[PDB]
Ligand code: HEM
Ligand code: HEM
Ligand code: HEM
Ligand code: HEM
Ligand SMILES: O=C1NC(=O)c2c(NCc3cc(F)ccc3O)cccc21
Ligand SMILES: O=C1NC(=O)c2c(NCc3cc(F)ccc3O)cccc21
Ligand SMILES: O=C1NC(=O)c2c(NCc3cc(F)ccc3O)cccc21
Ligand SMILES: [K+]
Ligand SMILES: [K+]
């Protein structure tokens, strides 16, 4: 079913953010596991998988709309080098992600692509949950101290 | 445990091929599903997952060797536009992949990184199984004809 | 709860489309079964049942909003005489139904009937799924040939 | 128990035919598997296994009769280059085998080795079942065409 | 996947050794069973089966590498006339087998056919296990005496 | 089966390293248990058991190759006096063990003792896993602090 | 709990004997397995494990008493060259062990370390059971003859 060209462009822009997220969260996960912070590693792995599921649904919608999913262009990964900075990199990425989702939804609404809108709303819901998670972790580091926060994420 | 620098370079080169494969096989999978060729779609999905598992193990080894896994640089996806060409693109990618695995193993053997060698041998085994699969599919298209081959991959 | 007069008019228009589809899809199903294309017959039966469910929910929403659900004014059924034509007739009907759905959602949004909109969006998602199925089948007739396509739909 | 010398010679002749069939059918099975024709590969594997079981029973009977089972002399394998040739090579072998079985049964009856006869009759029943299968496959190739015939033997 | 010509020649040589072993061990098994030494017969049967499995894997690898598996040429069986001779015949055959496997592994390593090496290494492990069994049996005959050794192998 | 004299010397050297490790890790385990660091005690016990298993397999391989396994010449145990020191003493030992493993594998490869190599490679993989654990613990002492690290290892 | 200095010396002496027995019995076990005398090999393995458990308990007792368990000094292993000698070597070692146990219990009683005495008494009961086993095996070698005795220990 031939879709709106600019909608497909938005979907592909959203897909690009998810593809960045997949790799950034997967790398952070395995960095945390390597450091013995297995609870962070497992959670961040699950964030990676969730972005993979989002990318899948975007790929599928783009193909249905008879566009070409762009998996070739990979934007810049925000890889941190310690726990506090990795969380902030994830958060910075999510704030960019939600901004683009909102702009995409605006355009879907204008051209009446209500099904695409619904898909992007569902993704936006998951990304805001991720932001909640990240904001909470950063807040906890201040409340309990970095050493305790890391201690609490050694074991699953 | 600090690894050999050139070994880590090889591992990262292997990882780059797997990252290309992940996206190429995932896209082909969803293209086939979109076309109603669900048996090809499901198989190619499983090839994608297998490359994901390989990438994971490479990322983990690189981190253990105290290198930096490169998930930023994404080489060129060989995306075909019909079944015969998609299979050939996968095969062309695998023949490149196995060549690089062999060179990587040569160097691991020289510097005595026997554990890395074992990991790359296991990956090489999976990639040669994939080549077998691809060569067989291409051969079947000739034997049964394209229309029958596609018919036989409509339903799972 | 007194609803907007024109919302109810839209809902009754969508209802009218679903009533055509019920009968069109049911007849196509029984024609395919009579021809021994039992897999098409079964799938088309489930398409008819799905439209019956949408009709039910429209009738319920109209009665809640204190309108009169129009089950009396049956529009034109698009019945094919062979499989390719029947699939195309379903597609043609679905493409009108989705245009009317989008127009109804526009109006629901204007007058703030957000629950009616949500219902129409859910129905729209179904109908686009039906369009995906129908386009996929017509593409498969091309890719594998008519004789093979029909063969693959003889047995469930 | 001292058997008749000519009976033992016949049993070794039947054994020799079975040792050819074991290898011919095993190789044909693995060829069909390599080509993706896994239904033929599996069925031919089971034919090879059945010949192994016959060979076992012949070896056991020859030893009971105080003869020396000949596993050293391997006759000519009839290996085909395509499916039609392979099937016809199997059939040519089976027809030689059943001829030899009948001549061996005649001699067992003449010298009153009724147990050896009963063993050979059971093997003969198995070989006639393989001939039925082969003649049926060759006829199916004519009825449905080679492309369809190979299509139907891709999947198990 | 086109393999190295000499690797394939090596694989066919190893296949030739396995084909001798299959028949030699199968005949020894059935001789021991005929003599009432059923524990020896059973164990020797399982050695024959294990060689059959090795031969299968070699055939499959040769065909994947686009060579022709040689099941036609059958080398000399080493058949003993009593238990001690039969065990020593098996041991002589195994010592030739492992010499050939080492030479083939050398060549696989030199041309970087690492998957073929791994296959031959696994077969070599099984053959060294068989050498261990055989040397151990020959030793037990000396320790417990032949009559006791045979007594211990009457009943499974 | 007569093995290479120097292979057996290497195997006995690896064996000697495992015998030190068994005793070193067992004592460390019981020291941690006595101090109430039961999670470290349990984990170190399982490290000791794992070395016992490696020792067993080395002893078995040496006896198969007709050498004399040296369980008599116990080298120097590296016992720490506090947790950080004990972990470092384990790491120091593992780093010598892996160097000796790589030297032994070099020689096994030269004289074509591929089964001994395979055994040593499997042991090497274990030992590198142990190194990963030990480095991770020493890094965690930094990241979370000593008091927190010890606290997290009081209870299993 | 600070223990008596000479109690701790006795416990380390007992521990030293247990450490010898661990290695002597483990090597004897694996020699018997290599020779195909698997029932002896299994029983001797379990004797080695029992000494391992006694060593554990002595190490734990010494640490509780604030001593340093000596796992560094390994006394002379008594290794036989045949079954008869191996059993007698074990028995000679056990007879020195029980001597040293009795002298340690005397001292424990004198200084009122009644819990250490109870531990040593339990270990003495195990060692006297081992002496019973060993004396009985040497008696059986006489009563059934060496060939029969060895025959009865081939199979588990
Ligand atoms: C750095 C690149 C990637 C890595 C390291 C990675 C890793 C993984 C791993 C370890 C799994 C679990 C599979 C299993 O154990 O069964 C997985 C699952 C999955 N991956 Fe990835 N992946 C990567 C990229 C992608 C991409 C780019 C996509 C889609 C475009 C994707 C889609 C999926 C899906 C759909 C699943 C299944 C999740 C489920 O269980 O429902 N992955 N991935
Ligand atoms: C206003 C028009 C119709 C409405 C609102 C309607 C509604 C429904 C509903 C709600 C169901 C149950 C679906 C479920 O499983 O949850 C159903 C079932 C069914 N409908 Fe209709 N339907 C309509 C017309 C028709 C027509 C014209 C036919 C046949 C010509 C038909 C044939 C069937 C059949 C065979 C079933 C399944 C009955 C069973 O349980 O065995 N329907 N319908
Ligand atoms: C003297 C020649 C042979 C004899 C007498 C023989 C006999 C047997 C027997 C009795 C079985 C067990 C069948 C059952 O009861 O299920 C068997 C299994 C088998 N044979 Fe043979 N065989 C021979 C040659 C071969 C050859 C040349 C190959 C392949 C190169 C082969 C491959 C196999 C395989 C793969 C199995 C299945 C083993 C398993 O996984 O359990 N055999 N054979
Ligand atoms: C040559 C030296 C040794 C060898 C070859 C050896 C071998 C083994 C083996 C193979 C096991 C069984 C592992 C399994 O679960 O599969 C074991 C268990 C064990 N070992 Fe050792 N060991 C040695 C020294 C020691 C020492 C010195 C100690 C204590 C100081 C010890 C304490 C233990 C304990 C407590 C167990 C578990 C027993 C149970 O099942 O409760 N080992 N050993
Ligand atoms: O398709 C039809 N949907 C209807 O509601 C309907 C009819 N409704 C009569 C009616 C009027 C009213 F003012 C209040 C209640 C009520 O039932 C009559 C004929 C046909 C249809
Ligand atoms: O396929 C072969 N079948 C055989 O029996 C055989 C051989 N016989 C050894 C033998 C055993 C015996 F119990 C009495 C006499 C005797 O010669 C030698 C090579 C090959 C084969
Ligand atoms: O740690 C030890 N590993 C041993 O093999 C060993 C001993 N072996 C004696 C022996 C010699 C022989 F030529 C044949 C068999 C045999 O058992 C003696 C003392 C200590 C150890
Ligand atoms: K804390
Ligand atoms: K067909």
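For all residues, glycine too, the Cβ spot is worked out from N, Cα and C.
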Looking at Swiss-Prot, B:51, B:127, B:130 are annotated for Fe(2+) Fe2. Which of B:85, B:94 sits in that same site?
B:94
Kindly point out which of the binding-site residues B:18, B:52, B:130 have a C-beta less than 6 Å from some atom of ligand 1.
B:52
Those binding-site residues, out of B:52, B:148, B:151, that come within 10 angstroms of residue B:18 (Fe(2+) Fe1 binding site) at the Cα:
B:52
For chain D, which of the binding-site residues B:52, B:127, B:148 fall under 8 Å by Cβ?
B:148
Report, as a single number, how many Cβ atoms besides its own are within 10 Å of the Cβ of residue B:54 (Fe(2+) Fe1 binding site).
24
Quick check for the class: what is the C-alpha distance, in angstrom and rounded, between residue B:52 (heme b binding site) and residue B:127 (Fe(2+) Fe1 binding site)?
13
List the binding-site residues among B:51, B:54, B:127, B:148, B:151 whose C-alpha is within 10 Å of the C-alpha of residue B:94 (Fe(2+) Fe2 binding site), in sequence order, or say none.
B:127
Could you tell me which of these binding-site residues, B:18, B:51, B:94, B:127, has the fewest other Cβ atoms within 10 Å of its Cβ?
B:18
For the domain 'Ferritin-like diiron' (B:1-145), jot down how many residues DSSP puts in helix, in strand and in coil.
117 helix, 0 strand, 28 coil
How far is it from residue B:54 (Fe(2+) Fe1 binding site) to residue B:130 (Fe(2+) Fe2 binding site), counting Cα to Cα, in Å?
13
